[PDB]
Ligand SMILES: [Zn+2]
Ligand SMILES: [Zn+2]
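Take a look at the structure:
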């Protein structure tokens, strides 16, 4: 997080470093000649002494932000689950008496009102996975007819698990006012045993959503789905991935996603264009499978990390790939806007700069998908068209923010900080616009949690080192927005507020300790704390310790700034975002 | 039917909506009068950009992906008489078209600088030799010794 | 999970529940690659617990790639053995060398591109090298572990030798290749029949002796249909008696192998009693059409499109004396009786 | 398998052994061992069966029998578990 | 103006400027021999395409007086070696073919500008090319 | 005057877009582009100096080969020779090469090996085939390549230089390939061109092919003739010839093939690309007539761009669609065609063509996927199309919906082309 890296680099290496035959930190004057106090003996080519009145640590600190974003706000906040296996309980006598309450708790008319809510509002989510939901009302009828039976077939229990995943998606995206009209809270409190004054907005809707997701997984376990691979497993997981299920159970969602890759690739259908020698039922089956494929590639990229090694997305949207530009733009528009995001977020952990031709190509596809989302139908008698508009517009605003962030970090082009501020205000103005009635639940999609995490973390990081006014007002606005996010995110929202508070206290630490110049590099406790957060969470993401604990009774045996670093890490620990 | 382009100095410029959709950044901003900040562009430069969009309301420009239709496109007579301005204010018009994502103004305003880089005298290419350094003084002496025989 | 599955994969669990075993193997690939350990050589800077742990993952990774190859098919799409480069304690790496050589051989089954003679000769030189390495393994008649170890190594190298000279016989019809096939089939017999005489009959329960005897008795039946020979006939009688004498712990798969050998024996009678015809370029015979349809039916059974249509919901699937002989044989000896 | 009147030539044999290279795969590799034809509408599904089955088969095996099994594995099956678990003396604990 | 696009695109730019060099030699020869009148004195000398005299005998007489009347009384004596003189008249026949092609292109360029005095009669120049080739 | 420093202080996107529209023209001593010299009545002719007599005696025999082309109007040359001292050292020019190489050779096109002034130095030619900038490879690596490759090792490699025979004499081809052999510069070049200004090949072509196996960085091969296209890159039926062919090991290496200026590529019955089994793009630059039914199109090819053509047939998809839904052509033109231009059709204008589309009420969502499978049976996994300047398509143009969206087909110069239907 520290080198010299000043403005107005020199073209050739300086005369002193060629006199000495060493490497040249090719600045003006140098990091290697400023280290020895040879400032005036290196400037004398032209103009001279130029004014380096900027803050020189900032380029190689933004190149550090490209790694800090990946290891904190992507992996350590959402995709890290610290588990000790000696303390975690393990029995199937728990879920057979827990999930039985949640399956007997949902009544019939309550479930049909959930399905009506999905049919009227959530059409942008299931139609990629399951298709039209009027086919699924018959499956809810068959579930309530087969409810009192004793011998259930596997084919029936797959539809049961699919509609319980749909019910989970309904409970997650339902507003509290519509939820209170359907469900009573008091038998649920009599079962769970908690405080009576704990209504749905206070955090019980998330509990009921997580337990309905656990009931969908319990009915998948009653299918014995590993012995019977079927596309309804993939559909149920694509419904469950529309919630905060992949962030509540980030290691269970990776194994289910690996089973969905194994289930999908079992069909051995790589081309989804219907051929001429096909059954007309087989053609519609391959069209539905092609929609499920790109929905699965989206949900497959959104869980990428070290705890998910088996990937599915093997196609590139710019410039050995298999499966792209053969498919019609109806729901690959959700993938083509994420495959355009994968091209940007692959350079986070990667230690190389993206070429500017790639960034210009991505900017051109941004303009094309802007016109393509402006070229959509506006069904004013349908509420799911506005939610599809919000999804496909919030994704292109997110990829626009990330594109101009990487322009700001890697190359520092024309007004790219102002473009970061502009698209951050566009993200705010898309989320604040949903604070009106009839669309308050649009802000519950997990992409707004991911995007607000990235944006408020970068603005809180940039406010530490660059004192500005537009950035400060933007940070006030995102702090208000993070305070006004929906409470169904819960623990991840509290951890995001904690991370923003930690970066603000780190800003207060930055304006206290004087920066230690060292010629070619700088030194500050803020830099060391930021270096150490990545090392801590990379240590938490190292499965060698769980490996040593698994292989038997093997036990793993392993200045002035140090006091400030240790007191800040003991006061504001980075391990408080893992739980 | 009207939007407001707030400049960096704080002036409000009420522009017609169809005319101001020449800017790709504003036409995408309208998916949310409707005001929007343009933080780096002065009032005079933004006024020039708005007058340029007022003339080219009905004009037809290349498809922003063309090989020769974009490079070999000549400037308009209004575009050449329009950009007989100060040099730094010309670059600030280019910066305004780069921020507002107006590709034809970033085309016609940027072929003028290309016509000024070429078409200049070899005497003041000889004069502006190492105004930015780009060469060691040993190499500068070797270059000036290499073509000393002419003059 | 990976260790318990590698213990279960030494039984007929991957053949009793083949779609469950492929899902467990996919979870084992997910669990193993979660550790992100590529190289298994001990580094000098590591904790000496961690180096022994990486050696443990090396010897687990080689066994996992062995089972990963042994469950390769259409119902197992996610692979691990493809990430190990081919060759073209120290007795655990020998098993993976022989299994990787078998992987180099049997990749030419499904593809149509015939192997070069350079490839088969390089596999032959490596086969002689690992044959010397297996013959150099010491063994104690008291220590039954070492006897079963040498039986596994020698049976695997005899299986790879038999498959190599079978590919010599098939792809090139090299002289003195049928004698090598008969010789290594007799070597496989003399390895299996030896276990009945030495009170070590549980050596013949390993899942490699069901696969190898399946391939051998199927090829000798297929070759006795078309190319008559006395040594091949005596070898087929020995294979039939040995298949009758395989242990009952294989269960239904042994009965299905006896059924397949009986079907290929009854198909020899149909090749005898029906004269081969020709149209000037191709040779029409009912035996050929029955052998076409035996692949067509099982490729239809391994087609997950109809299960996809049943899974999507309201989409429902709707569907001379030559042909008479073919349909009567397929109504009498159906190929769908090797299924369960 | 092959590539009107009658004949007795041997053109079918090089085109038929190449057909054996496909038949060996699609019968003896896949269709005999790796193909399990299933019907999901006919297959039962509950956790009211495999719980009591596992309870019986774990309560059936006793303590003295299990160490005799482990001694059999230590004495006779050393070529199998060593790639998976290494030493089985560690597993007595 | 309809034929201008496939007249520019029919040549490489290098070939187009080589041909323009060769017919500029031709038009300079026509002005220094008073075939076409000069427009003025000490100004931009320029001839229209509409009245540029092009014929078989004019092209061949240009070819004579410039290319194959290689007298050069100050530098005639550099044709003693057979290798150098072979290279020199191979250069002569290559420039002969290229100047005939350039003046064919000029005669094709004058027809779109409505020049009635531009007819090549190309079998004559092909006979000249075959003569020097022989 | 113009200020160099103020231009190099403003950021690199604006400098890119300046050096984008500055095509390759760094000098003010440029020839007139060849459209004004022909769309003019007058013919500009030459007709004394004191300093240029020193320049045309000493500087000019160094640049005799590449600049004897401009002997018409020698005012263009005596103006050129003051640029010839100082333009290659200019900060604007070197900044143009810096921002070109920083964008992987996109801005100014195709630096070129040559052999002038006894050095084997690089050269840059503009669109009028005039040199403007000549650098030796030590000087080109020193102050433009190393000046932007500060420490990142993915930008020290310079693999985008064309070789371009027909620029220069076959003796100079031999000498250039020999000096290029004695250095380690075959990985330096990026593509090769071909000339030839009855299967006979020239001497400079054989010299180029016999050292083409040693490239190991060669892509983007291109030819310019027709009687040479039919020999060295077309399949032409022959499949086993050791000598004079283009050495199949280097057929696998190339990315794309440009076909510069011809009459037909299928002069025989089939313009077959059965070999070159690893190419992605194929650009038809000024070929007069091509038939898409006469190109055999390898297993993995993606882009077929084609500019400045005079006649196109098409992939005759209309002949195969009308057999599928089983109607007449006159009933198809007036019954099934919808001509929808909702919002994304109107994005890229195409004000002269009329973009059309099949119905939804007359096709019941089966035999729409079959009507689309006809189109994908004809294209065979290509994506990029890019029709520039064209005229007179014989069959009507048929594009799929999956490829018409996201601007993956792109008709640019629309005057005589019309009525593209999208199915
Ligand atoms: Zn230095
Ligand atoms: Zn220095």
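Protein chains in written order, with the working numbering: chain F, 16 to 594; chain U, 23 to 173; chain Y, 9 to 348; chain Z, 12 to 104; chain H, 11 to 144; chain L, 5 to 427. Beta carbons: idealized from backbone N, C-alpha and C, even for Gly.
Residue from F/559, F/338, F/417 with nearest C-alpha to residue 473 of chain F: Numbered from its first residue, the first chain carries residue 473 of chain F at position 458. Comparing Cα-Cα distances from residue 473 of chain F to each of F/559, F/338, F/417, the minimum goes to F/417.
Under 8 Å between the Cβ atoms of residue 120 of chain U and residue 112 of chain U? What you label residue 120 of chain U is simply residue 98 of the second chain in a count that begins at 1. What you label residue 112 of chain U is simply residue 90 of the second chain in a count that begins at 1. Not a contact, by the Cβ cut-off of 8 Å.
Taking just the CA atoms, how far does residue 303 of chain L sit from residue 284 of chain F? In the first chain, residue 284 of chain F corresponds to position 269, counting from 1. In the sixth chain, residue 303 of chain L corresponds to position 299, counting from 1. Approximately 18 Å between the Cα atoms of the pair.
Just by C-beta distance, which residues in the region 283 to 295 of chain Y are closer than 9 Å to chain Z? 283, 284, 285, 286, 287, 288, 289, 290, 291, 292, 293, 295
Out of F/567, F/515, F/578, F/563, state which residue places its alpha-carbon closest to the alpha-carbon of residue 543 of chain F. In the first chain, counting from the first residue as 1, residue 543 of chain F sits at position 528. Per the Cα distances, F/578.
Could you compute how far the alpha carbon of residue 64 of chain U sits from the alpha carbon of residue 56 of chain U? The count along the second chain starts at 1 and reaches residue 64 of chain U at position 42. The count along the second chain starts at 1 and reaches residue 56 of chain U at position 34. Straight-line Cα distance between these residues: approximately 20 Å.
Identify the contact partners of residue 42 of chain Y in chain F, using a Cβ-Cβ distance below 7 Å as the criterion. Mapped onto the third chain, residue 42 of chain Y falls at position 34. Per Cβ cutoff of 7 Å: 322, 324, 558.
Give the straight-line distance between the Cα atoms of residue 403 of chain L and residue 284 of chain L, rounded to the nearest whole angstrom. On the sixth chain, position 399 is the one that residue 403 of chain L refers to. On the sixth chain, position 280 is the one that residue 284 of chain L refers to. Their backbone Cα atoms lie some 19 Å apart in a straight line.
Smallest Cα separation from residue 383 of chain L: which of L/395, L/417, L/319? As a working note, residue 383 of chain L is residue 379 in the sixth chain. The residue with the shortest Cα to Cα distance from residue 383 of chain L is L/319.
Does any C-beta atom of chain U lie closer than 8 Å to the C-beta of residue 180 of chain L? Residue mapping note: residue 180 of chain L aligns to position 176 of the sixth chain, counting from 1. With 8 Å as the cut-off, residue 180 of chain L does not count as an interface residue toward chain U.
For chain H, find out if any of its Cβ atoms is closer than 8 Å to the Cβ of residue 281 of chain L; answer yes or no. On the sixth chain, residue 281 of chain L is found 277 positions in, with the first residue counted as 1. No - not a single Cβ of chain H is within 8 Å of the one on residue 281 of chain L.
Near ligand 1: residue 275 of chain F beta-carbon under 7 Å from a heavy atom: Taking the first residue of the first chain as position 1, residue 275 of chain F is located at position 260. No; taking the cut-off as 7 Å, the Cβ of residue 275 of chain F has no heavy atom of ligand 1 nearer than that.
Please name the residue in L/235, L/179, L/94, L/42 whose C-alpha comes closest to that of residue 14 of chain H. Along the fifth chain, one-based indexing puts residue 14 of chain H at 4. When only C-alpha atoms are compared, the closest one is L/42.
What are the residues in the region 141 to 170 of chain L lying within 8 Å of chain H by C-beta distance? none
Taking 7 Å as the limit between beta carbons, can you name the residues of its chain near residue 420 of chain F, skipping five residues before and five after? Against the first chain, residue 420 of chain F aligns to sequence position 405. Contacts found: 435, 473.
CA-CA distance, residue 277 of chain L and residue 300 of chain L? Working through the sixth chain from its first residue, we reach residue 277 of chain L at position 273. Working through the sixth chain from its first residue, we reach residue 300 of chain L at position 296. Looking at the two C-alpha atoms, the distance is approximately 6 Å.
Please name the residues in the region 20 to 34 of chain F whose beta-carbon is closer than 8 Å to at least one beta-carbon of chain U, in chain order. 25, 26, 27, 30
Using 7 Å as the cut-off, classify the Cβ of residue 40 of chain F as near or not near the heavy atoms of ligand 1, replying yes or no. Along the first chain, read from residue 1 onward, the residue named residue 40 of chain F stands at position 25. True, at least one ligand heavy atom lies under 7 Å from that Cβ.
With a threshold of 16 other CB atoms inside 10 Å of the CB of residue 102 of chain L, please say whether the residue is buried or exposed. In the sixth chain, counting from the first residue as 1, residue 102 of chain L sits at position 98. Burial call: buried.
If you draw a straight line from the C-alpha of residue 49 of chain L to the C-alpha of residue 56 of chain H, how long is it? Against the sixth chain, residue 49 of chain L aligns to sequence position 45. Against the fifth chain, residue 56 of chain H aligns to sequence position 46. Looking at the two C-alpha atoms, the distance is approximately 6 Å.
Determine which residues share a DSSP beta bridge with residue 283 of chain Y and list them. On the third chain, position 275 is the one that residue 283 of chain Y refers to. Answer is none; residue 283 of chain Y lacks a bridge partner.
Check the DSSP bridge columns for residue 288 of chain L and list the partner residues they point to. For the purposes of this step, residue 288 of chain L is identified with residue 284 of the sixth chain, where counting begins at 1. Answer by DSSP bridge pairing, in chain order: L/263, L/310.
Could you work out which residue in L/418, L/408, L/18 is closest to residue 111 of chain L when comparing CA atoms only? As a working mapping, residue 111 of chain L is identified with position 107 in the sixth chain. Checking every option, the nearest Cα to that of residue 111 of chain L belongs to L/18.
Going by other Cβ atoms of all chains shown within 10 Å of its Cβ, with 16 needed for buried, is residue 156 of chain U buried or exposed? As a first step, residue 156 of chain U is located in the second chain; it is residue number 134 there, counting from the start. Buried.
Can you grab the Cα-Cα spacing for the pair residue 198 of chain L / residue 431 of chain F, in whole Å? In the sixth chain, counting from the first residue as 1, residue 198 of chain L sits at position 194. In the first chain, counting from the first residue as 1, residue 431 of chain F sits at position 416. For residue 198 of chain L and residue 431 of chain F, the distance between alpha carbons rounds to 44 Å.
Going by CA-CA distance only, name the one from L/413, L/397, L/5 that's closest to residue 422 of chain L. The sequence position of residue 422 of chain L within the sixth chain is 418, counting from 1. Nearest of L/413, L/397, L/5 to residue 422 of chain L, Cα basis: L/397.
From which residue to which residue does the alpha helix (DSSP H) around residue 81 of chain Z run? Along the fourth chain, one-based indexing puts residue 81 of chain Z at 70. First-last of the alpha helix (DSSP H) with residue 81 of chain Z: 74 to 87.
Which residues mark the beginning and the end of the alpha helix (DSSP H) in which residue 163 of chain U is found? By one-based count along the second chain, residue 163 of chain U stands at place 141. Note, residue 163 of chain U: alpha helix (DSSP H), 159 to 168.
So which residues of chain Y does residue 277 of chain F contact, with C-beta pairs closer than 8 Å? Within the first chain, residue 277 of chain F is the residue found at index 262, counting from 1. Within 8 Å Cβ-Cβ: 30, 31, 34, 85, 86.
Report back the beta-carbon spacing between residue 31 of chain Y and residue 244 of chain F to the nearest angstrom; my notes put them in contact at under 8 Å. Working through the third chain from its first residue, we reach residue 31 of chain Y at position 23. Working through the first chain from its first residue, we reach residue 244 of chain F at position 229. Contact flag correct, Cβ pair sits at about 7 Å.
Looking only at C-alpha atoms, which of L/341, L/346, L/305 sits nearest to residue 388 of chain L? For the purposes of this step, residue 388 of chain L is taken as the residue at position 384 of the sixth chain. Looking at the Cα atoms, L/305 is the closest of the given residues.
So, does the CB of residue 120 of chain Y fall closer than 8 Å to a CB anywhere in chain F? The sequence position of residue 120 of chain Y within the third chain is 112, counting from 1. Residue 120 of chain Y does not count as touching chain F.
Classify residue 280 of chain L: buried if its beta carbon has 16 or more other beta carbons within 10 angstroms, exposed otherwise. As a first step, residue 280 of chain L must be located in the sixth chain, where it is residue number 276. Its Cβ being crowded by 16 or more others within 10 Å, residue 280 of chain L is buried.
Starting from the Cα of residue 123 of chain Y, find the closest Cα among Y/204, Y/283, Y/174, Y/263 and give me that residue. Taking the first residue of the third chain as 1, we reach residue 123 of chain Y at position 115. Out of Y/204, Y/283, Y/174, Y/263, Y/174 has the C-alpha closest to the C-alpha of residue 123 of chain Y.
On the DSSP bridge assignment, give the partners of residue 328 of chain Y in chain order. Numbered from its first residue, the third chain carries residue 328 of chain Y at position 320. Per DSSP, none; premise fails for residue 328 of chain Y.
Which chain Z residues are close to residue 302 of chain Y, counting only those with a beta carbon under 9 Å from its beta carbon? For the purposes of this step, residue 302 of chain Y is taken as residue 294 along the third chain, with counting starting at 1. 34, 37, 38, 42, listed in chain order.
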